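Survey of secondary and tertiary structure
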Amino acid sequence: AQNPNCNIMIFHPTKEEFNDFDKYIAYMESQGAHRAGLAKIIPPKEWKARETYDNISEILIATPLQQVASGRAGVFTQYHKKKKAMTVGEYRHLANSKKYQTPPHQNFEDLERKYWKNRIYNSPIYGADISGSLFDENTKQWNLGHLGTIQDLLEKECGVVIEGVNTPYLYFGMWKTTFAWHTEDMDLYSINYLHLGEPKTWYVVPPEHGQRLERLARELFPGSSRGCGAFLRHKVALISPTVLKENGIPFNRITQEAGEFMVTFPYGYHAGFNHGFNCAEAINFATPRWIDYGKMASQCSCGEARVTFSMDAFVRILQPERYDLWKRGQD
Ligand SMILES: O=C(O)CNC(=O)C(=O)O
Ligand SMILES: [Mg+2]
Ligand code: NI
Ligand SMILES: [Zn+2]
């Protein structure tokens, strides 16, 4: 079995190897990359996502989210308070303000210590989930706006044509902005490209050990657990590396820098934070290996998790028994 300790793998494809996206994913899996839940891909040195980032300031963040925490430093929830619209240029100035900017630090490890010690005492503002793309249309390799769609994968594997579309999303972050512990909708893959700015630190649990994280989360968030049988789908809960280590949960960590891709694999729980002002682009995708994970994915039916139009068809075709109750949650 390749990668039996489920370490995060880092890949350096040549420009020749960067032509065929599906084939490279399948290569990474042949080497065991999926067992970690997360992989890093450093693009060939010849490749670029676009020529410059000089003209992005007039992108609108229609609903910036202030991430307010409750709990203790290593075990907390966050809720998202909606703020007034602002442009990317306005958001960048805010991120660089004395109130919100990254503190002085020695290295990524010292910054990580400061994040876990102090996150709960501040409410950073995240420009998340903005439909759009920063890839130049002439970028032909690993362009997240040009990938094969999950609806077309389901049709190719299963023979059933379904409605729905699959487009990317932009994330504009600042110091302390936080992504809570989750897997993707329908336990899909994700791919994330850090276009610009400061790094993003990731934590991940190997897919084969995901249920250990779920059982800890039920213990640590006991009211949330009684409210919903899949409450990590709400994307609100944080658990620190120190707490995970104290409870014996297997995980790994890695920092992504500008210019690098990360891939999350089906049923790979992940969480993380931004080091400063940055912009990332991400999308879900599928391969033939995903289909069995899609059939088994948990679902929120309490009504909190409220997801896309396109997830309807996935539930309807892959999980017909759940269909009914899940759509009651979505309506
Ligand atoms: O970058 C973020 O805030 C969150 N991204 C992801 O969870 C992802 O790409 O799967
Ligand atoms: Mg602009
Ligand atoms: Ni994710
Ligand atoms: Zn729920």
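The next thing to look at is the overall build of the protein chain. Looking only at helices and strands, one finds 10 helices and 16 strands in the protein chain. Over its C-alpha atoms the protein chain spans a radius of gyration of 19 Å, differing by no more than 12% from the 20 Å that the globule rule assigns to 331 residues. Overall size of the protein chain, expressed as C-alpha extent along the three principal axes, is 55 × 50 × 40 Å. Counting only contacts in the protein chain whose residues sit at least 6 apart along the sequence, the fraction spanning at least 24 positions is 83%.

Glancing now at the nonpolar core. Ranked by internal contacts, the top residues of the largest apolar core, which has 39 residues, are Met28, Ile41, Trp142, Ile191, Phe261 and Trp290. A total of five residues in this core trace back to one element, the largest contributor, which is helix α9 (residues 309-318). Aside from chain neighbours lying at most four places away, what touches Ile191 is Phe21, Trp142, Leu144, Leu147, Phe261, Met262, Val263, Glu281, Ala282, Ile283 and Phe285. Formed by 32 residues, the second largest nonpolar core is a distinct cluster that contains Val75, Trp116, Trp175 and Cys300.

Further remarks concern the coordination of the nickel ion (ligand 3). Coordination of the nickel ion (ligand 3) by the protein involves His182 (NE2), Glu184 (OE) and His270 (NE2), with metal-donor separations of 2.0 to 2.2 Å. Each donor residue of the nickel ion (ligand 3) belongs to the same chain, with the gaps between them written as H-x1-E-x85-H. Like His182, the residue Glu184 is buried in the burial classification.

As recorded in UniProt, the feature "domain: JmjC" lies at residues 136-302. Across residues 136-302, helical content stands at 23% and strand content at 31%; the span's end C-alpha atoms are separated by 40 Å.

Here the focus is unusual backbone geometry. Its identity as a non-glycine residue notwithstanding, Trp142 has a phi of 55°, on the positive side. Of note, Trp142 is situated in the loop between β7 (125-131) and α4 (150-158). The backbone of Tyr267 shows a phi angle near 65°, a positive value even though the residue is not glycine.

Taken together, the four strands give an open sheet; going across it, the order is β9-β15-β11-β13, and neighbouring strands pair in antiparallel fashion. A single partner strand is all that each edge strand has here, and the edge strands are β9 (178-182) and β13 (252-256). Across this sheet, the average inter-strand angle for adjacent strands is 15°, counted without regard to direction. In terms of strand pairing, β9 meets strand β15 (residues 269-274) through three bridges, oriented antiparallel. Directly across from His182, in β15, lies its bridge partner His270.

Let us look at the environment of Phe18. Relative to the elements of secondary structure, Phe18 occurs in the loop between β1 (9-11) and α1 (21-30). A relative accessible area of 0% means that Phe18 is categorised as buried. Along the backbone, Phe18 and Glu281 are 263 residues apart, and their C-alpha atoms lie at a distance of 18 Å. Ignoring anything within four residues of it in the chain, the contact list for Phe18 reads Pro13, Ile41, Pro43, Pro44, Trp47, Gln141, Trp142 and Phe261.

This part is about the layout of surface pockets. Using a probe with the size of a water molecule, rolled over the atoms, empty space left in the structure can be pinpointed. Counted as a void, the second largest pocket has a volume near 380 Å³. Around the second largest pocket, the lining is made up of 24 residues, and of these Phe21, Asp22, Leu147, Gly148 and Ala286 lie nearest the centre. For the lining of the second largest pocket, the elements supplying multiple residues, two or more each, are α1 and α4. It is α1 that provides the largest number of residues to the lining of the second largest pocket, a total of five residues. Looking at the lining of the second largest pocket residue by residue, the class counts come to 10 nonpolar, seven polar and seven charged.

With that settled, the discussion passes to the site of ligand 1. Taken together, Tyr126, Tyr171, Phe179, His182, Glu184, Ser190, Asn192, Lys200, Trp202, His270 and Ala282 form the complete shell of residues around ligand 1. A distance of 2.5 Å separates an oxygen atom of ligand 1 from a polar side-chain atom of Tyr126. Here an oxygen atom of ligand 1 and a side-chain polar atom of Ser190 are 2.8 Å apart. If you list the elements that add at least two residues to the shell around ligand 1, you get β9, β10 (189-197) and β11 (200-205).

Our next topic: α1. Turning to α1, its buried residues are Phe21, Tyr24, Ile25, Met28 and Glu29. One side of α1 carries all its buried residues, which in axial view fall inside an arc of 140°. Seen from the buried face of α1, the exposed residues on the opposite side, beyond 90 degrees, are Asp22 and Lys23. Looking at the buried residues of α1, the elements they touch are β1, β2 (38-41), β10, β14 (261-264) and β16 (278-285).

Inspection of the secondary structure assignment puts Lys114 in helix α3 (residues 108-118). Apart from the residues lying within four places of it in its own chain, the contact partners of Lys114 are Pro103, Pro104, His105, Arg119 and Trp175.

What counts and what doesn't
- Residues numbered from 1 in each chain as written, not as in the entry; some residues may be left out.
- Chains lettered and ligands numbered in written order.
- Heavy atoms only, no water.
- Residues with missing side-chain atoms left out of burial classes, pairs and counts.
- Helix = DSSP H or I, 4+ residues; strand = E, 2+ residues; numbered from the N terminus.
- Rg over C-alpha atoms; globule rule 2.2 N^0.38 Å.
- Contact = heavy atoms within 4.5 Å.
- Core = buried A, V, L, I, M, F, W, Y, C linked by side-chain atoms within 4.5 Å.
- Buried < 20%, exposed > 50% of the residue type's maximum accessible area, 1.4 Å probe, protein only.
- Donors = N, O, S within 2.8 Å, 3.2 Å for Na, K, Ca; no water.
- UniProt positions renumbered as here; feature names shortened; annotations may be inferred.
- Pairing = 2+ DSSP bridges.
- Axes fitted to C-alpha atoms, helices over the stretch in contact; angles between N-to-C directions.
- 1 Å grid on protein atoms, 1.4 Å probe; cavity = no way out; pocket = protein on both sides within 12 Å on 5 of 7 lines; lining within 4 Å.
- Points joined across faces, edges and corners; volume = space filled by probe spheres on them.
- Nonpolar A, V, L, I, M, F, W, Y, C, P; charged D, E, K, R; others polar.
- Near = heavy atom within 4 Å.
- Polar contact = N/O pair within 3.5 Å; in protein donor to acceptor, adjacent residues only side chain to side chain.
- Arc of directions from axis to C-beta.

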